[PDB]
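Take a look at this single chain, the form deposited in one PDB entry, given in structure tokens.
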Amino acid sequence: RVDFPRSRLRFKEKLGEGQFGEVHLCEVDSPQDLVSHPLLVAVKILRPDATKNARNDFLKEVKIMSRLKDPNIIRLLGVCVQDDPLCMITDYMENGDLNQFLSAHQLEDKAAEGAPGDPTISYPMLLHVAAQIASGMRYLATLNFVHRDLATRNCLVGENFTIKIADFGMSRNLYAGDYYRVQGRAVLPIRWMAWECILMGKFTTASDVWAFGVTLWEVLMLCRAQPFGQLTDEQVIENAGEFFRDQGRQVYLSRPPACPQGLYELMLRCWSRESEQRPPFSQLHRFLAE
């Protein structure tokens, strides 16, 4: 297995920067360097002073991505692992992450004539978006692959509302509020987590389905609110306990203004107390893509 030629990566702009690296947008001329006119790629590079643990994390991140080959999953274009600055190369998704994208749009209304504010997105397009997410998750489930951090902040939008699922980890300061963190413990996206995940700390496909229910809720909110937004983290964790008790005191996310009751009731099924009663992704995908 040979390296992608880093000299073929022409820098365009720093796209982002993190604790152990930077992310660059680069152009690749004549991209017959890959088995799968300039190509736009995103590049993740480990900062030179990267500690030994960070480097190991990088190499493992790269191994994990090599598995993923699906239209609605992010794909690893190539890597630079043999020499000093370590790189991961992937497709540039020109419309950024799904959370920021939806935050910039308003809901379409064909019964009205109004002054042009933000760009619109129709209810059918929101479903097209959700369906693709379900298709990606469906593929991961056939790999018995567990995501563990599904949310709009981890989806990417390309041309023509094509969506891919990804995982940026949990260190980007923009979304630091979507994660609960206690010294000595693992970092947790509790507002997206199923109750048994919060209490017992183990993740499964059944729990991915829960998080998908929350991500769908985000999409239909046009990402205007954080889930359980008026609740503190302690309260959100307590609520998981209330699911465990099962005495009718657990609370759910409310129906979004856009959202038809039927679509909502689908979100409810994703939040069943019992794992095995939550719909499979295949069944989700079939509902949304109809």
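Residue positions are given as counts along the sequence shown, with the first one as 1.
Check whether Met221 has no coordinates in at least a third of the other compared PDB entries of this protein, counting only entries that model residues on both sides of it.
Modelled in all the others, so no.
Does at least a third of the other compared PDB entries (those resolving both flanking residues) leave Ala50 without coordinates?
Modelled in all the others, so no.
Count up the deposited residues without coordinates from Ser254 to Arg255 and drop the result into none, 1 to 3, 4 to 9, or 10 or more.
Gap between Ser254 and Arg255: none.
Check the entry's C-alpha temperature factors for 158-166 and 131-139, then say which stretch has the higher mean.
Stretch with the higher mean C-alpha B-factor: 158-166.
Comparing 202-210 with 175-183, which stretch shows the greater average C-alpha B-factor in the deposited entry?
Here the higher of the two C-alpha B-factor means belongs to 175-183.
From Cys259, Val236, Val35, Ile64, which pick has the Cα B-factor that tops the rest in the entry?
Out of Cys259, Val236, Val35, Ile64, the record gives the largest C-alpha B-factor to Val35.
From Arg47, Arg224, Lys60, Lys69, can you pick the one with the highest C-alpha B factor in the entry?
Comparing C-alpha B-factors across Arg47, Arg224, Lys60, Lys69, the maximum falls on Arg47.
Using only modelled residues of the chain, where does the Cα B factor of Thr90 rank: lowest third, middle third or highest third?
Within its chain, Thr90 is a middle-third residue by C-alpha B-factor, going by the deposited values.
Pull the Cα B-factor of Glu242 out of the PDB entry and bin it into the chain's lowest, middle or highest third.
Lowest third of the chain for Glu242's C-alpha B-factor.
Where does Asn99 sit by CA temperature factor within its chain: lowest, middle or highest third?
Middle third of the chain for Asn99's C-alpha B-factor.
Please say which third, lowest, middle or highest, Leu76 falls into when its CA temperature factor is compared across its chain.
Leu76: CA B-factor falls in the middle third of its chain.
Which third, lowest, middle or highest, does the CA B-factor of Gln230 fall in along this chain?
Lowest third of the chain for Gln230's C-alpha B-factor.
Absent from the display: the form deposited in another entry. The rest refers to it.
Tell me whether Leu284 and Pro256 share a rigid part, where the two parts are defined by the motion between the shown form and the other one and each C-alpha goes to the better-fitting superposition.
In the two-part motion between the shown form and the other one, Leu284 and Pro256 are assigned to the same rigid part.
In the other entry, the Cα separation between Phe101 and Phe20 changes by 3 Å or more relative to the shown form; did it shrink or grow?
Residues separate in the other entry, at least 3 Å farther apart.
Could you tell me whether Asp149 and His24 have their C-alpha atoms closer or farther apart in the other entry than in the shown form, knowing the shift is 3 angstroms or more?
It is closer: in the other entry, the C-alpha atoms of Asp149 and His24 lie at least 3 Å nearer than they do here.
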